[PDB]
Amino acid sequence: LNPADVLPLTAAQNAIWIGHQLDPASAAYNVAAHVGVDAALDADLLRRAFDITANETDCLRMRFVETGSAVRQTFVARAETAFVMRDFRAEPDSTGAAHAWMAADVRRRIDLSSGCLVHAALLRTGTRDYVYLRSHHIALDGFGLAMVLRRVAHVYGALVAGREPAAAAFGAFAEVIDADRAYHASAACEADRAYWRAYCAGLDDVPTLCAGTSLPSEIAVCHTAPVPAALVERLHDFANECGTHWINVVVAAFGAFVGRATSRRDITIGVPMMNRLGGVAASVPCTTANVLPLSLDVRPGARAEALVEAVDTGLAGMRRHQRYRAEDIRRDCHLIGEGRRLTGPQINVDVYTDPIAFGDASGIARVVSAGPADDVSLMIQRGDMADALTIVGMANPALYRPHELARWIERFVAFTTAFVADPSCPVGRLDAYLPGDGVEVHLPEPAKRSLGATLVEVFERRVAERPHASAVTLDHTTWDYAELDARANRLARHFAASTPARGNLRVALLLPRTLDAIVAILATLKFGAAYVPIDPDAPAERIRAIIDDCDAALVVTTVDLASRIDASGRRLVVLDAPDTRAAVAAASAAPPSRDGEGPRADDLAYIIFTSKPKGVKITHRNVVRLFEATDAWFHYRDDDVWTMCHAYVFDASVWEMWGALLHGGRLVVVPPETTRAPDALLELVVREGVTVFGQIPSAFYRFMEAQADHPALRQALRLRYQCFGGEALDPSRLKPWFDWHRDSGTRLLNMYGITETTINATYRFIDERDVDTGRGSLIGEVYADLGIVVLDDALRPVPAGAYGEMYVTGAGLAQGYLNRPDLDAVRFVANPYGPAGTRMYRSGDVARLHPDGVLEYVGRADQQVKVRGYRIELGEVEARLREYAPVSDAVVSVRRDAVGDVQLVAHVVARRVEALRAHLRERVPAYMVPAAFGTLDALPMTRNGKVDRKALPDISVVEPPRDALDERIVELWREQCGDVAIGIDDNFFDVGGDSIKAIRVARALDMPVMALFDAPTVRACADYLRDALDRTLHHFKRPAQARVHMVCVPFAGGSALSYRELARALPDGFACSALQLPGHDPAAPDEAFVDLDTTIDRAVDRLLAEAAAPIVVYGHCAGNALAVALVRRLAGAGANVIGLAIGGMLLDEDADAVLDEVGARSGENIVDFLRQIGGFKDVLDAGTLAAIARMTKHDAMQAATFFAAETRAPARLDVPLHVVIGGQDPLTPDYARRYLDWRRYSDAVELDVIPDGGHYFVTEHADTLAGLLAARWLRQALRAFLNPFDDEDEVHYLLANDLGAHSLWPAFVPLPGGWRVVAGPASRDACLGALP
Ligand SMILES: *P(=O)(O)OCC(C)(C)[C@@H](O)C(=O)NCCC(=O)NCCS
Ligand SMILES: N[C@H](C(=O)O)[C@H](O)Cc1ccc([N+](=O)[O-])cc1
Ligand SMILES: [Cl-]
């Protein structure tokens, strides 16, 4: 008893239907294709064919209607055909007009209840006639269109010759529906289901070539690249070597290309599967297509032939299970929701290879739009000639500009060409990016300055010169250099009495911070030895272990601290012991150098330990090198006075020590008691007249808090420099500092370093400009004799603006780790960029390389965490919390929730909890918002002065509603989801929310449904309603980091939407709005035009409140009238208008005459002329063209009277004017001299030109325009860093240079110049097992 006349939708239909309702203004789900042929086709018989065939089908006889409260489809008495002929043979570019038409036609939405699914055409050009068909994706997919087109072709061919056409092979779509119902009740569905549930079990944050959230709801922007024959020939060769189709090689390359561009191992490619073979759908035009994940593991170590084989099998498994809807995979895996997705970029394995023959001439079937564009999609396509291939890029026009798309295709073709060169080559040797995309790196150059060889040579140099200059100060006591030198020389003779050992030795120091410790360092260095600091408060196990690890010849301590040392047999020197005190005083004060004994430059100086603990071996050369290479920018003065605020176990102390004593300055030992009390520190620094001052950023924040409460002192300062240490800066917190010392002359010096590169590797001067721009933590540029490269997980350089790990090549590299060669081998590694046997150092710190050459420090990758769905650096979040005014500093930790995965927790310190959340949700995404906070006096200081995250107090369901609005919504979600306790902040799709249930809600709330997908929390739902609620002014983007707000006035006949293509070609430095004149929406034409002064008046009111920045008004064609009238009426309103931009207009000599000319023409005449210069080319129906003609004359009459009224001596409005004319515009002739006629409105006018642009350049050339407008008036996501040197599963070489260093190296990377293989391919543990 099943009927024939009203049928349910298939599972494929039901999904297109939903997508069609999500943006009711969108044509995105239409489909279209054409067939070019060289022949003259009969127009009347061709529509007979379309109309015959359309009735031979079923899906094209359908109209759709809602019921069941689902959606049903009903047949129609007759198949409507919409057929048009258009002859472009009279335009100069006929072929480009035809493609222009087709691109416009496919952008007209279809009313599924209309019942009109067939819009066809015959488009005649000089070479080819194009047979064109569009429809809606619900009734046809790509392969269906081609079926219908082959049938039209057959019917046509018969009709010309008066033959009877052969019977249709088309089956009935009603038994496709039974089959679909059958399958979803079968076992195969529950098999296929669990195949994908497993296959996709891991998928999280699928990669894309651009970071994007919102679901694609718009037609693609295309680019078409021919493939060179040489490459086509090589794919078939490369394919036969691997035993597969050539099309699989291309999938493999494209998959490898995504991985190599994102530097990510987990790649998921969407593949449309035809899903027709094997069943009844083969013969029936319909939509069965399914876009499914292809997961590849793109290892930098993987050979090309291997990935091609992964594709071969992955697709094989896809084709087995392909009947299971990908939309249901996505619902099952909870990948529908906030920015979540199943498939990434797409490519097709189904190419239309069969020429379709209309009469005596064949053509190729080419597809204009198959669906909404998600990230990037490639479509393989053939040519009219045999063995010819072409790529068609298709992208989401919201995320990708047309030149950005062309670039990826250009990059890709070159990558493919390299990919098929050697099947045995690993992809990790291949670069996705082209040379133009890279940034020049600083190559190490020698430093032309010289001080000396060792530290003692250069220090002794300074005692000769100025022996009575002051050296060190502790509390009230001060010593000149000569006394300091003598005291050290005396203690260094005592060392030589107290051990027989000689050579480069190691002397452990357990000491308080006092002058004994300064003397003991110098003594150690004078004696030919290296100092090994230990903190007197260290745990006794660590003292024990350091001493044994360095095999101390001597241990130098005090009477009180000697009790912290075992009786192990080590020799001690106790400085404050009265007998030892005297034994040294009686010693000769002559230098050991006077006897010919001292360190060499390559001998060690100190060994500092990091966190088991690892010791770092530094040389005299390393340290003096630092200062030799920094004199250029830093300019060391002998009258500087430095500050030692940092423990001697931390290499800051080496910097702030030898900064004075190499150069002639006086060092101030700051007791640790006063360093942790920021007020007295400020007392002490001014009192003692300090110049150079080091601090760790978290400490400096506590320091300004003291500068606040004591203005007496802060204006008494005299600092040549203010320096920043081994954390990252958050310049946002520096606002109050420039409010004080902007004119003091004190610079701000930021220095990135790490203990393995000799204290510091980079410098930036922080000025008043870059505090509030917020470009991130900026570490500046590399020291002269160092170098830094930023590399991907394959050890290749990353392009401009991309994450990577920093590798420090240079001469500040430590000799290595103490007794850990295995660390020397995986940390200090062979250097491909540089001289033969040199080596590079893994920082493990993440960085971006910006195109100008500055480095942005992003964070240490060890500590990068992952919350639900997202990887986040804790340092970007700790910054977001310092923006909130009372927040001074903060720290974020992590903990494991209940019986759950992960959550964030923050500890903030005040200056002078729920208000923080509010400010935060307006700032950051919901995923960054810590779970719960805590109030703390200060932050746990670490032994070396950093934030101790291991001591933080541990501070251990979902949040309820707020106002009556919220609960009003919550019960509505239960209506759909049921009685499941939901939280205000919960996600709708995780709590049982269905894809359809979300339309029912956003209906009930009268809100766009895309809003809810992109943000499925009832908080965002409420906040959308109350915080938002006849719109005179249309906003495109109002970003937060916006300097300039561009308000745009449309041309004649245009709406505000004509600036959209500009608004998203404009950098995010700009905010862009357009004012919508009434009656100018061709969709709602039935309101009434208004005059100038009214529009201008109602546009200041909304615009004084809604302006996001200083305004720059843009005008085009007749909009320039309303533009100048705007800047003028703003200027008087007490508004921030800084300028005006004038497109496509020159002032007219006789304004009285244009006004008499315009009033004498019909709008229908004005528009027909604008259409011949290339306007309104996308308007294909007479009804809306009529509407536009009416607007056109209004806008023209209004502009003409305006410029007629105010004459040749206007009211001078006095701003700068940016005049932009297109060089092909017939309405701006003789522009070279005539632009100057705009001087009438102000003194400063400058011209820009777009030579190949015409009058409508604001649309066609928009990219070029934003380039101009930004010149004058003015990202991917965070990935996982998998370092190949740490990759257990790969194979490794162990290398050697001639001078005895060893390095681990991955097999897949080519060998560096000066390095030799000591151990054949093996595992990581094996290779490290082979070092002697
Ligand atoms: P809901 O879970 O159904 O999500 C809405 C959706 C728009 C994401 C979903 O309906 C969908 O993916 N529709 C697209 C259908 C489609 O594009 N078919 C073409 C396959 S070749
Ligand atoms: N190597 C250390 C680390 O590994 O974190 C720091 O980066 C070094 C440092 C340099 C300069 C200053 N300072 O204050 O001038 C403090 C700290
Ligand atoms: Cl290791």
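Criteria and cut-off values
Residues numbered from 1 in each chain as written, not as in the entry; some residues may be left out. Chains lettered and ligands numbered in written order. Heavy atoms only, no water. Residues with missing side-chain atoms left out of burial classes, pairs and counts. Helix = DSSP H or I, 4+ residues; strand = E, 2+ residues; numbered from the N terminus. Rg over C-alpha atoms; globule rule 2.2 N^0.38 Å. Near = heavy atom within 4 Å. Polar contact = N/O pair within 3.5 Å; in protein donor to acceptor, adjacent residues only side chain to side chain. Areas by Shrake-Rupley, 256 points an atom, 1.4 Å probe, with all protein chains shown as cover. Nonpolar A, V, L, I, M, F, W, Y, C, P; charged D, E, K, R; others polar. Domains from an automatic or database assignment. Contact = heavy atoms within 4.5 Å. Buried area = accessible area lost by both parts, 1.4 Å probe. Salt bridge = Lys/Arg side-chain N within 4 Å of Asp/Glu carboxyl O. Pairing = 2+ DSSP bridges. Axes fitted to C-alpha atoms, helices over the stretch in contact; angles between N-to-C directions. 1 Å grid on protein atoms, 1.4 Å probe; cavity = no way out; pocket = protein on both sides within 12 Å on 5 of 7 lines; lining within 4 Å. Points joined across faces, edges and corners; volume = space filled by probe spheres on them. Patch = residues over 30% accessible without salt bridge, like charges linked within 9 Å, V, L, I, M, F, W, Y side chains within 5 Å. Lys, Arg positive; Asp, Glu negative; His and termini not counted. Charge placed at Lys NZ, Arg CZ, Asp CG, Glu CD. Buried < 20%, exposed > 50% of the residue type's maximum accessible area, 1.4 Å probe, protein only. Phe/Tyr/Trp six-rings, centres within 6.5 Å; stacked < 30°, edge-to-face > 60°. Core = buried A, V, L, I, M, F, W, Y, C linked by side-chain atoms within 4.5 Å. Disulfide = S-S within 2.5 Å. Expected span 1.5 Å × (residues − 1).

- The protein is annotated in the PDB entry as holo-ObiF1 of Burkholderia diffusa.

**Thoughts on the overall build of the protein**
Thought 1: Scanning the protein from N- to C-terminus turns up 41 helices and 51 strands.
Thought 2: For 1332 residues, the compact-globule estimate of 2.2 N^0.38 gives 34 Å, and the protein sits close to it at 37 Å.
Thought 3: Across its three principal axes, the protein shows a C-alpha extent of roughly 125 × 80 × 65 Å.

**Some thoughts on the site of ligand 2**
Thought 1: The full set of residues close to ligand 2 is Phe650, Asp651, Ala652, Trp655, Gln695, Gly725, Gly726, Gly753, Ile754, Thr755, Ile759 and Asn760.
Thought 2: Between ligand 2 and the protein, one listed contact pairs a nitrogen atom with a side-chain N or O atom of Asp651 at 3.3 Å.
Thought 3: Relative to its free-state accessible area of 410 Å², ligand 2 is covered by the protein chains to the extent of 90%.
Thought 4: The residue inventory of the shell around ligand 2, partitioned by class, reads 5 nonpolar, 6 polar and 1 charged.

**Quick word on the domain arrangement of the protein**
Thought 1: Partitioning the protein into structural domains gives domain 1 (6–177), domain 2 (178–437), domain 3 (855–935) and domain 4 (1033–1274).
Thought 2: Tallying the contact residues gives 57 residues for domain 1 and 43 residues for domain 2.
Thought 3: Carbon and sulfur atoms supply 65% of the area buried between domain 1 and domain 2, which totals about 3900 Å² over both sides.
Thought 4: When the buried surface of domain 1 facing domain 2 is broken down by residue, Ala28, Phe143 and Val176 rank first, second and third, together holding 13% of it.
Thought 5: Our enumeration of links across domain 1 and domain 2 arrives at 3 salt bridges.
Thought 6: A salt bridge links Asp384 to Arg128; the shortest N-O distance between them is 3.1 Å.
Thought 7: Mapped by element, the contributors of at least two residues to the side of domain 1 that touches domain 2 are α1 (11–22), β2 (30–37), β7 (129–136), α4 (142–160) and α5 (174–185).
Thought 8: Ranked by residues supplied to the side of domain 1 that touches domain 2, first place goes to α4 with 11 residues.

**Brief notes about the site of ligand 1**
Thought 1: Inspection of the region around ligand 1 gives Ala15, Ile16, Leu22, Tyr29, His137, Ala289, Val291, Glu327, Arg330, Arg331, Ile336 and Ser995 as its neighbouring residues.
Thought 2: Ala15 has a polar backbone atom sitting 3.4 Å from an oxygen atom of ligand 1.
Thought 3: Against a free-state accessible area of 540 Å², the protein chains account for coverage of 85% of ligand 1.
Thought 4: Elements that contribute at least two residues to the shell around ligand 1 include exactly α1 and α10 (326–332).

**Focus on the sheet that holds β2**
Thought 1: With respect to topology, 6 strands assemble into an open sheet ordered β5-β6-β7-β2-β13-β12, the strand pairing being mixed. In the strand order of this sheet, the two ends are held by β5 (82–87) and β12 (356–358), each with one partner. Going across the sheet, the axis of each strand differs from the next one's by a mean of 25°, ignoring polarity.
Thought 2: Across 6 bridges, β2 lies against strand β13 (residues 361–369) in antiparallel orientation. The residue bridging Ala32 from the neighbouring strand is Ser369, located in β13.
Thought 3: Running at roughly 150° to β5, helix α2 (residues 43–56) makes contact with β5, β6 (119–124), β7 and β12 of the sheet.

**Details of the layout of surface pockets**
Thought 1: Volume-wise, the second largest pocket comes out at about 1000 Å³.
Thought 2: If you go around the second largest pocket, you meet 36 residues; those closest to its centre are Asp1148, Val1154, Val1158, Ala1200 and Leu1227.
Thought 3: Within the residue set of the lining of the second largest pocket, elements represented by two or more residues are α35 (1151–1158), α36 (1163–1172) and α37 (1182–1205).
Thought 4: With 6 residues, α37 is the single largest residue contributor to the lining of the second largest pocket.
Thought 5: Looking at the lining of the second largest pocket, its residues break down into 22 nonpolar, 4 polar and 10 charged.

**Observations regarding a negative patch on the surface**
Thought 1: Residues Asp1091, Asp1093, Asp1097 and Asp1101 make up a contiguous surface patch of negative charge.
Thought 2: One can find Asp1093 in helix α33 (residues 1092–1106).

**Examining empty space enclosed by the protein**
Thought 1: In this structure, the second largest cavity spans a volume of roughly 100 Å³.
Thought 2: In terms of lining, the second largest cavity is formed by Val227, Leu231, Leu235, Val250, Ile380, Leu389, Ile391, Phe412, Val413 and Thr416.
Thought 3: Residue contributions to the lining of the second largest cavity peak at 3 residues, all from helix α11 (residues 402–419).
Thought 4: Residue classes in the lining of the second largest cavity are distributed as 9 nonpolar, 1 polar and no charged.

**Re the side chain of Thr53**
Thought 1: Tracing the sequence through the fold places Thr53 in helix α2.
Thought 2: A residue is classified by how much of its surface remains accessible, and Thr53, at 0% relative accessible area, is buried.
Thought 3: Discounting residues that sit within four places of it in the chain, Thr53 has contacts with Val148, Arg151, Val152, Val155 and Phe170.

**Examining the pattern of salt bridges**
Thought 1: Summed over the entire model, instances satisfying the criterion amount to 84 salt bridges.
Thought 2: Residues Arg764 and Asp770 are paired through a salt bridge, measuring 2.8 Å at the closest nitrogen-oxygen approach.
Thought 3: By relative accessible area, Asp770 is classed as buried at 8%.
Thought 4: Here the salt bridges share partners, and the residues they tie into one network are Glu218, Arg401, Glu1061, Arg1064 and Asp1263.

**Some remarks on the packing of aromatic side chains**
Thought 1: Per the stated rule, a full pass over the model turns up 48 aromatic pairs.
Thought 2: Between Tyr721 and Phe765, the ring centres sit 6.2 Å apart and the planes meet at 40°, which makes this aromatic pair tilted. Here the residue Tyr721 occupies a position in strand β27 (residues 721–724), and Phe765 occupies one in strand β29 (residues 762–765), the gap between them amounting to 44 residues.
Thought 3: The class for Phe765 is buried, based on a relative accessible area of 18%.

**So, the nonpolar core**
Thought 1: Ranked by internal contacts, the top residues of the largest apolar core, which has 95 residues, are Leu484 and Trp658.
Thought 2: If you tally residues by element for this core, the top one is helix α14 (residues 515–526), at 9 residues.
Thought 3: Residues within four places of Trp658 in sequence aside, it is in contact with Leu455, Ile521, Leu522, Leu525, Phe627 and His663.
Thought 4: Core analysis: the second largest hydrophobic core is formed by 82 residues, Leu1130, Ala1189, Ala1200 and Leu1217 among them.

**So, unusual backbone geometry**
Thought 1: Positive phi, normally seen in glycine, also occurs at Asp551, with a value near 50°.
Thought 2: The residue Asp551 is located in the loop between α15 (540–550) and β20 (554–557) in this model.
Thought 3: In this structure, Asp1230 takes a positive phi of about 50° despite not being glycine.
Thought 4: Of note, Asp1230 is situated in the loop between β47 (1217–1222) and α38 (1231–1234).

**Describing the pairing of β2**
Thought 1: Taking burial as the measure, the 8 residues of β2 include 8 buried ones, the bulk of the element.
Thought 2: The alternating pattern of β2 places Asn30, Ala32, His34 and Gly36 and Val31, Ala33, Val35 and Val37 on opposite faces, both of which are buried.
Thought 3: Bridge count for β2 against β7 is 8 bridges, and the pairing is antiparallel. When the bridges of β7 are listed, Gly36 appears paired with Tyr130.

**Describing the state of the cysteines**
Thought 1: Applying the stated criterion across every chain, the model contains 0 disulfides.
Thought 2: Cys59 provides the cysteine sulfur closest to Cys116, a residue in no disulfide bond, and the two sulfurs are 15 Å apart.
Thought 3: Accessibility expressed as a relative area gives 16% for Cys116, which makes it buried.
Thought 4: With no disulfide partner, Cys210 has as its closest neighbouring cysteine sulfur the one in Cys222, 17 Å distant.

**Remarks on the side chain of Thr10**
Thought 1: By secondary structure assignment, the location of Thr10 is in the loop between β1 (6–8) and α1.
Thought 2: Note on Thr10: relative accessible area 7%, which makes it buried.
Thought 3: If near-sequence neighbours (up to four positions away) are discounted, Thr10 is found in contact with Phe173, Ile177 and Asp180.

**A closer look at the environment of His907**
Thought 1: By the secondary structure assignment, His907 is in strand β40 (residues 903–909).
Thought 2: Judged by its relative accessible area of 7%, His907 falls in the buried class.
Thought 3: Taking C-alpha positions, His907 is 8.1 Å from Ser893, a pair spaced 14 residues apart along the chain.
Thought 4: Excluding its chain neighbours within four sequence positions, the residues that come into contact with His907 are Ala890, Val891, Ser893, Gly934, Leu939, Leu952, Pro953 and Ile955.
Thought 5: In this structure the side chain of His907 is engaged in a polar contact, spanning 3.1 Å, whose partner is the backbone oxygen of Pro953.

**Examining helix α17 (residues 620–634)**
Thought 1: If you check α17, its first and last C-alpha atoms are 20 Å apart, about what 15 residues at 1.5 Å a residue would give, namely 21 Å.
Thought 2: The element α17 is largely enclosed, with a buried count of 13 among its 15 residues.
Thought 3: Once α17 ends, the next one or two residues include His635, with phi positive near 60°.

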